[PDB]
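Report on the following structure.
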Amino acid sequence: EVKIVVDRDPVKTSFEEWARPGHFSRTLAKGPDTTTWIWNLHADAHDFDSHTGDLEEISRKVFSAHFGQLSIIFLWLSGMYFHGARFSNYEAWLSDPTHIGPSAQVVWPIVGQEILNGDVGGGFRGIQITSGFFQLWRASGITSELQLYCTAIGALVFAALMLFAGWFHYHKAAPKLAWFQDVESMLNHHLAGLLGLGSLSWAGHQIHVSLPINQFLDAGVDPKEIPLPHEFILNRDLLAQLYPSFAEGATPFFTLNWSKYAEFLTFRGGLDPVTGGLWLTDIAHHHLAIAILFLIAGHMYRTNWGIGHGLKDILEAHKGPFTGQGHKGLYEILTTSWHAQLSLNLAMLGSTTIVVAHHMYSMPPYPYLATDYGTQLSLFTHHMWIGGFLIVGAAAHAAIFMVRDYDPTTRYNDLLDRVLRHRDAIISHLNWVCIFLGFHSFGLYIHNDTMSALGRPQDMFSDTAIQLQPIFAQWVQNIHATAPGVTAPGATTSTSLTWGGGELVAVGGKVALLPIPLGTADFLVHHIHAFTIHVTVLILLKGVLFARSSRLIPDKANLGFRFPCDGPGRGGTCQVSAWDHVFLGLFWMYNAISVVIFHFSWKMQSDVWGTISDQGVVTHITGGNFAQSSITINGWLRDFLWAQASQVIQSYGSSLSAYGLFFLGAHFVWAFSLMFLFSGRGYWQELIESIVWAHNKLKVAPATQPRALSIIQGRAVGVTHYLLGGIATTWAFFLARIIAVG
Amino acid sequence: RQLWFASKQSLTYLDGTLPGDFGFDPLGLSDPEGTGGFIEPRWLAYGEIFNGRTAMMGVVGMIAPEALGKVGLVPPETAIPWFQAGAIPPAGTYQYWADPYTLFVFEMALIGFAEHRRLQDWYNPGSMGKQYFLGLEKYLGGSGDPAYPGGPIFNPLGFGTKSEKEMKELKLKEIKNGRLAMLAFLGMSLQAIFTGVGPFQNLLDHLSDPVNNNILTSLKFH
Amino acid sequence: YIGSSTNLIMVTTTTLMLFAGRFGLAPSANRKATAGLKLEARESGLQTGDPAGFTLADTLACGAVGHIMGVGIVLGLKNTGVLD
Amino acid sequence: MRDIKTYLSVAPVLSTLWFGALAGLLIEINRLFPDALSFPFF
Ligand code: CLA
Ligand SMILES: CC1=C[C@H](O)CC(C)(C)[C@H]1/C=C/C(C)=C/C=C/C(C)=C/C=C/C=C(C)/C=C/C=C(C)/C=C/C1=C(C)C[C@H](O)CC1(C)C
Ligand SMILES: CC1=C(/C=C/C(C)=C/C=C/C(C)=C/C=C/C=C(C)/C=C/C=C(C)/C=C/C2=C(C)CCCC2(C)C)C(C)(C)CCC1
Ligand SMILES: CC1=C(C/C=C(\C)CCC[C@H](C)CCC[C@H](C)CCCC(C)C)C(=O)c2ccccc2C1=O
Ligand code: SF4
């Protein structure tokens with residue numbers, strides 16, 4: 001059945017191994033042969049799979065390790081709440097959120113660096129933040145420095161709880177294997193307990209605290225006089241003075257007269273004109289609706305009583321003619337291998353983060369988030385990068401599974417077999433498309449640029465010339481605009497304001513949203529994204545399929561997951577290891593994402609954001625030039641890189657100086673990485689030797705013999721810096737630009 | 001051996017030798033296959049009897065002071081429903097010889113001596129009658145059963161004088177009473193949230209008017 | 001207000017499934033419905049009183065879904081009023 | 001006790017302790033003799 005059998009004191013808490021570096025691995029433990037040793041110490045620190053050969057210990061280590069990862073997050077949260085309480089103009093920000101920048105960092109004045117303390121207003125100074133906590137603390141009705149302090153302590157305590165918990169469950173009472181593999185109950189609790197009861201509890205706090213309090217601040221009152229949140233929960237008559245449905249108590253909920261709670265549980269849609277965010281009634285309803293759906297879904301898989309499904313039997317009924325044995329056997333290979341689960345989870349959590357970034361800019365959920373141009377740009381950019389990386393990780397661990405855990409004599413699967421057998425078709429067809437999109441997406445930009453350069457602006461691809469109208473997006477925009485009429489009679493308005501119809505929402509002389517048009521200039525760039533996404537898929541997919549064998553090397557599996565090459569024979573076999581396919585994917589992931597966050601930044605400044613006249617005419621930040629200048633490659637140079645880098649470049653001598661330095665500093669690191677990617681090891685090894693000789697002359701030759709980095713480390717350092725230089729350069733480019741213009 | 005809502009798992013280990021047994025256990029807890037901490041069938045039994053005993057004096061104090069305020073010679077000042085005695089300030093309080101939070105720490109220290117020593121005898125039988133404790137060591141060794149230490153300080157006259165059946169009969173009475181009190185205290189609470197007029201009053205509300213039946217009403221007030 | 005419309009709909013729904021879960025019109029803890037038919041009954045070991053094998057965990061499921069199909073019908077209140 | 005001291009003596013732990021002390025020292029000197037473009041003692 002399903003029970004809790006654990007062990008007692010597997011590994012004794014002691015400090016011995018803390019003074020025996022490289023104890024975990026048998027190879028590393030003998031000592032530092034050369035400096036190659038101190039690099040292999042960290043490269044194999046967390047690879048629990050290579051230390052031991054059984055699933056039980058690997059499990060207990062990953063289970064306890066997560067507790068550490070969970071603990072750090074709490075400590076990270078604790079600082080953010082603490083800092084917002086002791087070093088912020090939050091309470092001032094609650095008075096005029098429209099035109100006082102959120103600041104929650106203050107620097108010590110040592111070497112003149114107090115120039116960084118910007119005049120964010122509100123009688124305060126400091127680094128203007130952009131993570132947008134302030135809109136999060138207002139949407140939860142905090143309205144006090146004291147309440148930000150107590151949660152900071154509460155957040156800190158849990159960190160000690162988690163960190164303690166990690167210790168307890170690896171040294172004192174560690175679970176057994178049978179505990180881990182019972183994945184029906186695993187899903188059963190997470191769906192009902194974590195996901196389900198998480199929302200319902202939160203839908204609680206919104207009903208009794210965030211809603212009635214924020215309804216005071218939105219109504220307009222000084223924060224200091226809002227009765228404390230435990231007054232409503234005690235004095236039930238106060239909730240009556242706003243929400244008369246709270247007189248009858250919770251009995252309508254029990255008599256199915258649910259249309260009595262219509263005051264604070266609605267289906268409005270749209271955005272709030274006062275605060276530019278969603279209607280907290282909808283949000284209040286939303287988590288409640290989600291709560292029920294998850295909770296019921298929790299009760300599906302059989303755990304201990306008669307009722308419930310069997311995850312094994314579900315996978316063993318779907319087998320088709322084209323597919324053969326179908327999903328039989330996938331239960332094992334998804335249960336006796338952590339690298340399978342980590343690869344599968346990474347892709348979904350990777351994808352979801354992206355969808356988060358597409359929704360949070362079009363349905364602004366927190367109050368006074370819409371007119372916070374510094375926040376919108378950062379939050380959209382941040383989760384794109386997070387979403388991009390995690391997807392690449394799903395390729396690496398899927399590739400690792402093919403090399404280490406896959407075995408067609410015991411863990412045999414049929415679908416994963418058929419997929420292997422026709423892999424030549426899969427890559428070649430994906431190869432042709434990546435070429436097709438390559439010619440018809442970039443080429444149109446090149447042809448546009450050539451014709452424009454020759455004085456033929458009537459042969460370019462644009463709205464004023466040969467036209468390419470996205471109709472399919474223009475059609476679906478139409479449908480969502482008229483959905484409130486027929487196909488969703490409950491809704492008062494559309495689910496957003498970017499649908500091809502409606503009206504803008506103005507908050508304090510700053511546009512929240514308005515219908516986003518889709519002309520030709522948008523059609524091209526959407527087919528750029530379809531191109532770089534496909535190419536990135538090609539590299540990672542090729543790595544996963546060919547991680548065990550190919551027509552070049554027939555025994556690549558025997559060489560492991562990350563090996564440099566197989567020598568210069570057969571024409572040259574540099575970079576055939578699956579690790580080097582993900583190594584290549586990173587650049588395209590860095591390429592796909594970068595154009596997306598360029599596309600978002602220009603489209604919103606040119607077509608959406610911007611001030612609004614008192615009369616009613618709207619003037620966007622860049623004057624609406626995206627629809628004409630974004631179709632020529634030179635256009636992306638003049639009017640985006642050259643014209644929107646002005647603020648970062650001349651940011652010297654004012655609080656935005658720290659961005660001016662990072663802008664340069666990130667170039668230096670980017671250009672630095674090239675030394676590792678372009679060159680090779682055998683040159684650096686020899687130059688090291690001559691340097692080593694001079695130290696022999698003066699007797700200062702070390703005993704950990706100097707060595708050059710290993711082949712796959714020269715690449716690993718090469719890509720890491722390149723990514724760090726590329727991402728940070730955009731970081732300093734964006735924040736300094738948007739903070740100055742809005 | 002009367003069984004109530006038994007289960008195949010339950011009757012593999014609930015042998016009935018433990019007093020208060022009725023073979024009721026559908027959540028895998030007392031299962032002896034899985035024993036880390038706090039899931040030992042002894043410890044759970046140890047926590048079962050203690051919680052009951054705390055309930056057996058917790059319940060009576062949860063209805064004594066107001067009901068004794070119904071006729072008794074208690075001056076009405078210290079005759080109050082239990083939740084307004086001072087435990088829950090938002091329900092009310094009363095000014096005792098102290099001011100609160102000094103009563104707490106005093107209480108937590110006095111409890112600390114009895115509690116921790118009460119814990120050690122579970123870890124190390126007979127240990128608490130070895131180191132010097134101002135005399136009294138002759139008793140604090142216990143009889144070897146942590147839940148039933150015995151001794152002239154704990155079992156002064158001595159019942160269960162000599163009869164295991166009686167003791168088994170007695171301990172059966174001790175748990176079923178314990179279960180009765182735990183549920184009862186859970187009654188005095190959930191009544192308070194909904195009724196909000198005090199425990200013993202809420203029995204009169206159903207006495208003078210059985211048609212009250214606050215279930216159907218479900219009005220909430222402090 | 002016992003016996004109004006929302007009540008009769010509830011009592012029929014709940015009893016119909018408890019009938020269904022015990023007499024043979026549903027998969028209880030002791031009957032599993034396969035990809036086709038329902039009569040694939042098995043043992044599960046939940047020693048109880050009801051001779052039909054209706055356990056403590058089946059007096060809750062059929063009770064639970066007794067209300068899920070009891071709310072969807074009642075909140076189809078386009079012809080039985082909006083407020084009771 | 002011996003094992004704790006040995007661990008504290010491994011290279012990375014000394015580095016942060018050593019450099020941290022060095023950072024504190026330089027910051028203090030710049031707090032007391034700021035701008036310091038020349039060495040005007042002799
Ligand atoms: C600016 C630099 C650059 C350019 C142009 C390319 C171009 C290409 N790379 Mg690539 N790559 C680069 C940098 C670049 N890469 C770097 C730095 C890396 C390291 C990370 C990689 C890593 C990499 C990988 C790993 C892969 C590619 C792939 C591809 C090809 C897919 C795109 C395609 O088919 O479009 C078609 C070609 C173009 C759009 C180029 C412009 C052509 C224009 C439209 C017209 C050209 C003139 C015309 C022919 C007239 C001829 C004139 C006559 C006088 C001759 C393409 C040839 C993928 C591939 O080949 O598989 C599909 C692939 O798998 N590259
Ligand atoms: C067995 C099993 C098995 C399966 O498998 C599953 C299931 C079924 C789930 C399970 C069940 C369980 C249960 C039911 C449990 C319960 C318990 C309890 C209730 C306890 C209490 C418990 C309770 C208790 C102790 C209580 C106590 C109390 C007290 C002292 C009081 C005190 C007081 C007073 C006087 C007055 C003042 O002014 C205040 C105060 C201070 C407040
Ligand atoms: C006479 C007689 C008898 C019978 C009895 C009876 C009559 C019983 C009943 C029982 C019952 C009568 C049960 C019930 C149950 C129920 C339940 C368990 C419920 C659940 C619920 C739910 C699940 C809900 C949910 C929800 C919510 C909460 C909200 C949202 C919506 C919904 C609705 C979904 C006996 C056997 C003794 C023997 C013979 C004689
Ligand atoms: C530059 C370069 C090197 C040389 C880089 C080396 C040898 C490592 C860089 C030196 C590091 C920083 C060691 C210095 C840190 C020591 C621990 C000493 C610390 C003392 C400080 C506190 C001063 C390679 O080894 C290499 C290998 C493969 C492909 C490309 C390249 C490559 O491009
Ligand atoms: S160049 Fe380097 S990677 Fe390529 S074959 Fe030679 S050793 Fe291998």
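A note on labels: chains of the structure tokens are A, B, ... as shown, every chain counts residues from 1, and ligands are counted from 1 in their shown order.
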
Would you list which chain A residues are within 12 Å of chain D using only C-alpha atoms, as a list in words? residues 14, 15, 16, 17, 18, 19, 20, 21, 38, 108, 109, 110, 111 and 112 of chain A

Using only C-alpha atoms, which chain C residues lie at most 7 Å away from chain B, written as a PyMOL selection string? chain C and resi 45-48

Under the rule that only C-alpha atoms are counted, which of C:66, C:76, C:36, C:51 is the nearest residue to residue C:19?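 Nearest to residue C:19: C:66.
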
Environment of ligand 5 within 10 Å, counting only C-alpha atoms and all ligand atoms, reported as a CSV table (one decimal) with N, CA, C and O atoms, in the first residue's frame:
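Output contents, as saved in pocket.csv:
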chain,number,residue,atom,x,y,z
A,563,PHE,N,31.8,14.9,-23.6
A,563,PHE,CA,33.2,14.6,-24.0
A,563,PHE,C,33.6,15.6,-25.1
A,563,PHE,O,32.7,15.9,-26.0
A,564,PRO,N,34.8,16.0,-25.2
A,564,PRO,CA,35.2,17.0,-26.1
A,564,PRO,C,35.1,16.7,-27.6
A,564,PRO,O,34.5,17.4,-28.3
A,565,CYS,N,35.6,15.5,-27.9
A,565,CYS,CA,35.7,15.2,-29.3
A,565,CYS,C,36.1,13.7,-29.4
A,565,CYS,O,36.3,13.1,-28.3
A,566,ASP,N,36.3,13.2,-30.6
A,566,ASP,CA,36.9,11.9,-30.7
A,566,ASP,C,38.1,12.0,-31.6
A,566,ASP,O,38.3,11.2,-32.5
A,567,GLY,N,38.9,13.0,-31.4
A,567,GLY,CA,40.1,13.2,-32.2
A,567,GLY,C,39.9,13.8,-33.5
A,567,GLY,O,38.7,13.9,-34.0
A,568,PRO,N,40.9,14.1,-34.3
A,568,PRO,CA,40.8,14.7,-35.6
A,568,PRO,C,40.7,13.7,-36.7
A,568,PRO,O,40.8,14.2,-37.9
A,569,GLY,N,40.3,12.5,-36.5
A,569,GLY,CA,40.2,11.6,-37.6
A,569,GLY,C,38.9,11.8,-38.3
A,569,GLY,O,38.2,12.8,-38.1
A,570,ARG,N,38.6,10.9,-39.3
A,570,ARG,CA,37.4,10.9,-40.1
A,570,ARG,C,37.0,12.3,-40.5
A,570,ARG,O,35.8,12.6,-40.5
A,571,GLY,N,38.0,13.1,-40.8
A,571,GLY,CA,37.7,14.5,-41.2
A,571,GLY,C,37.7,15.4,-40.0
A,571,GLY,O,37.9,16.6,-40.3
A,572,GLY,N,37.5,15.0,-38.8
A,572,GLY,CA,37.5,15.9,-37.7
A,572,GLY,C,36.2,15.8,-37.0
A,572,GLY,O,35.1,16.0,-37.5
A,573,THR,N,36.2,15.4,-35.7
A,573,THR,CA,35.0,15.2,-34.9
A,573,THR,C,35.0,16.1,-33.7
A,573,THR,O,34.7,15.7,-32.6
A,574,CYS,N,35.3,17.4,-33.9
A,574,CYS,CA,35.1,18.3,-32.8
A,574,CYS,C,33.6,18.6,-32.5
A,574,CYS,O,32.8,18.8,-33.4
A,575,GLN,N,33.2,18.5,-31.3
A,575,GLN,CA,31.9,18.9,-30.8
A,575,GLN,C,30.8,17.9,-31.4
A,575,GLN,O,30.0,18.3,-32.1
A,576,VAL,N,30.9,16.7,-30.9
A,576,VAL,CA,29.8,15.7,-31.2
A,576,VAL,C,29.1,15.3,-30.0
A,576,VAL,O,28.1,14.6,-30.1
A,680,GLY,N,42.1,27.7,-28.9
A,680,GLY,CA,42.1,26.3,-28.4
A,680,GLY,C,43.0,26.2,-27.2
A,680,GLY,O,43.7,27.1,-26.9
A,681,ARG,N,42.9,25.0,-26.6
A,681,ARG,CA,43.7,24.7,-25.4
A,681,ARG,C,45.2,24.5,-25.7
A,681,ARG,O,46.0,25.0,-24.9
A,682,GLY,N,45.5,23.8,-26.7
A,682,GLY,CA,46.9,23.4,-26.9
A,682,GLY,C,47.8,24.6,-27.0
A,682,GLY,O,49.0,24.4,-26.8
A,711,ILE,N,39.1,20.8,-22.4
A,711,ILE,CA,38.5,21.3,-23.7
A,711,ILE,C,37.1,21.7,-23.5
A,711,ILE,O,36.7,22.8,-23.9
A,712,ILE,N,36.3,20.9,-22.8
A,712,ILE,CA,34.9,21.3,-22.6
A,712,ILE,C,34.7,22.3,-21.5
A,712,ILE,O,33.6,22.8,-21.4

Restrict the calculation to only C-alpha atoms and all ligand atoms, then for each residue of chain C with any atom at most 10 Å from an atom of ligand 3 give the closest atom pair and their distance in Å to one decimal, rows by chain and rising residue number, as a tab-separated table.
residue	atom	partner	partner_atom_place_in_ligand_line	distance
C:11	CA	ligand 3	12 (C)	8.9
C:14	CA	ligand 3	12 (C)	7.2
C:15	CA	ligand 3	12 (C)	7.8
C:18	CA	ligand 3	11 (C)	8.2
C:49	CA	ligand 3	38 (C)	8.5
C:50	CA	ligand 3	36 (C)	7.2
C:54	CA	ligand 3	36 (C)	9.0
C:55	CA	ligand 3	36 (C)	9.8
C:56	CA	ligand 3	13 (C)	9.5
C:57	CA	ligand 3	18 (C)	9.2
C:58	CA	ligand 3	18 (C)	9.0
C:59	CA	ligand 3	13 (C)	5.5
C:60	CA	ligand 3	18 (C)	4.1
C:61	CA	ligand 3	18 (C)	6.3
C:62	CA	ligand 3	15 (C)	7.1
C:63	CA	ligand 3	16 (C)	3.6
C:64	CA	ligand 3	20 (C)	3.4
C:65	CA	ligand 3	23 (C)	6.0
C:66	CA	ligand 3	16 (C)	6.9
C:67	CA	ligand 3	33 (C)	4.8
C:68	CA	ligand 3	34 (C)	4.7
C:69	CA	ligand 3	33 (C)	7.9
C:70	CA	ligand 3	33 (C)	7.1
C:71	CA	ligand 3	33 (C)	5.8
C:72	CA	ligand 3	33 (C)	8.5

Could those residues be written to a file, using C-alpha atoms, as a CSV table (one decimal), in the first residue's frame?
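See result.csv below for the written result:
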chain,number,residue,atom,x,y,z
C,11,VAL,CA,-32.0,14.6,-1.8
C,14,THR,CA,-27.5,12.1,-3.3
C,15,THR,CA,-29.6,9.0,-2.7
C,18,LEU,CA,-25.7,6.0,-2.9
C,49,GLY,CA,-20.7,-3.4,8.3
C,50,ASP,CA,-22.5,-3.2,5.0
C,54,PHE,CA,-20.0,-0.4,0.9
C,55,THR,CA,-17.3,1.1,3.2
C,56,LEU,CA,-16.6,4.3,5.0
C,57,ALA,CA,-14.7,5.6,1.9
C,58,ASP,CA,-17.8,4.8,-0.4
C,59,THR,CA,-20.3,6.5,1.8
C,60,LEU,CA,-18.2,9.6,1.1
C,61,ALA,CA,-17.5,9.4,-2.6
C,62,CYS,CA,-21.1,8.8,-3.7
C,63,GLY,CA,-22.0,11.4,-1.1
C,64,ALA,CA,-19.5,13.8,-2.6
C,65,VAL,CA,-20.4,13.4,-6.2
C,66,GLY,CA,-24.0,13.4,-4.9
C,67,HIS,CA,-23.6,17.1,-4.5
C,68,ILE,CA,-21.5,17.8,-7.6
C,69,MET,CA,-24.4,16.7,-9.8
C,70,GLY,CA,-26.7,18.3,-7.2
C,71,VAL,CA,-25.2,21.8,-7.8
C,72,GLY,CA,-25.0,21.8,-11.5

Residue neighbourhood residue A:664, 12 Å, only C-alpha atoms, exclusion window fewer than 2 positions, as a ChimeraX atom specification: /A:648-649,651,657-662,666-671,725-726,728-733

Please, could you write that set of residues out with C-alpha atoms as an mmCIF file, in the first residue's frame?
data_model
loop_
_atom_site.group_PDB
_atom_site.id
_atom_site.type_symbol
_atom_site.label_atom_id
_atom_site.label_comp_id
_atom_site.auth_asym_id
_atom_site.auth_seq_id
_atom_site.Cartn_x
_atom_site.Cartn_y
_atom_site.Cartn_z
ATOM 1 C CA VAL A 648 22.203 55.221 -21.247
ATOM 2 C CA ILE A 649 25.144 56.830 -23.015
ATOM 3 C CA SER A 651 23.776 58.939 -18.060
ATOM 4 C CA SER A 657 25.267 56.578 -13.793
ATOM 5 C CA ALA A 658 25.476 53.019 -12.518
ATOM 6 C CA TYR A 659 23.747 51.948 -15.701
ATOM 7 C CA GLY A 660 26.208 53.889 -17.817
ATOM 8 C CA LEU A 661 29.066 51.928 -16.282
ATOM 9 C CA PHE A 662 27.361 48.543 -16.531
ATOM 10 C CA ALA A 666 28.879 44.300 -19.970
ATOM 11 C CA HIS A 667 30.507 44.964 -23.315
ATOM 12 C CA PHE A 668 33.895 44.153 -21.848
ATOM 13 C CA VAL A 669 32.765 40.797 -20.511
ATOM 14 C CA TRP A 670 31.043 39.944 -23.778
ATOM 15 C CA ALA A 671 34.115 40.725 -25.845
ATOM 16 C CA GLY A 725 27.842 40.155 -21.399
ATOM 17 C CA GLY A 726 24.919 39.996 -23.781
ATOM 18 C CA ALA A 728 23.645 42.591 -18.900
ATOM 19 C CA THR A 729 24.202 44.987 -21.793
ATOM 20 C CA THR A 730 20.510 44.883 -22.574
ATOM 21 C CA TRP A 731 19.774 45.187 -18.866
ATOM 22 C CA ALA A 732 21.614 48.486 -18.563
ATOM 23 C CA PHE A 733 20.235 49.532 -21.927
#

Quick one: everything within 12 Å of residue B:28, counting only C-alpha atoms, minus sequence neighbours fewer than 5 positions away in the same chain. Send it as an MDAnalysis selection string. (chainID A and resid 1:5 303:305) or (chainID B and resid 7:14 33:35 39:41)

Exercise answer, 7 Å around ligand 1 with only C-alpha atoms and all ligand atoms, as a ChimeraX atom specification: /A:431-432,434-436,438-439,442-443,446,535,538-539,584,587-588

Dump as a CSV table (one decimal), in the first residue's frame, selection limited to C-alpha atoms:
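Output file result18.csv follows:
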chain,number,residue,atom,x,y,z
A,431,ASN,CA,16.3,21.3,-41.4
A,432,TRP,CA,14.4,22.2,-44.5
A,434,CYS,CA,14.6,26.2,-40.7
A,435,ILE,CA,16.0,27.0,-44.1
A,436,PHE,CA,12.6,27.9,-45.6
A,438,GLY,CA,15.4,31.6,-42.9
A,439,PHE,CA,15.0,32.8,-46.4
A,442,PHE,CA,15.3,37.5,-42.9
A,443,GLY,CA,15.3,37.8,-46.7
A,446,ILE,CA,17.2,42.3,-46.7
A,535,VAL,CA,16.4,26.7,-35.3
A,538,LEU,CA,16.7,21.9,-34.3
A,539,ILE,CA,19.9,22.1,-32.3
A,584,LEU,CA,25.3,25.6,-29.2
A,587,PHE,CA,23.4,31.1,-28.3
A,588,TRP,CA,20.2,30.7,-30.2

Residue C:74 surroundings by only C-alpha atoms, 8 Å radius, close-in-sequence under 5 positions cut, as a list in words: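 Answer for this query is residues 256 of chain A; 6 and 9 of chain C.
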
Just give me the gap between atom CA of residue A:688 and atom CA of residue A:723 in Å, one decimal is fine.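 Rounded to one decimal, the two atoms are 27.1 Å apart.
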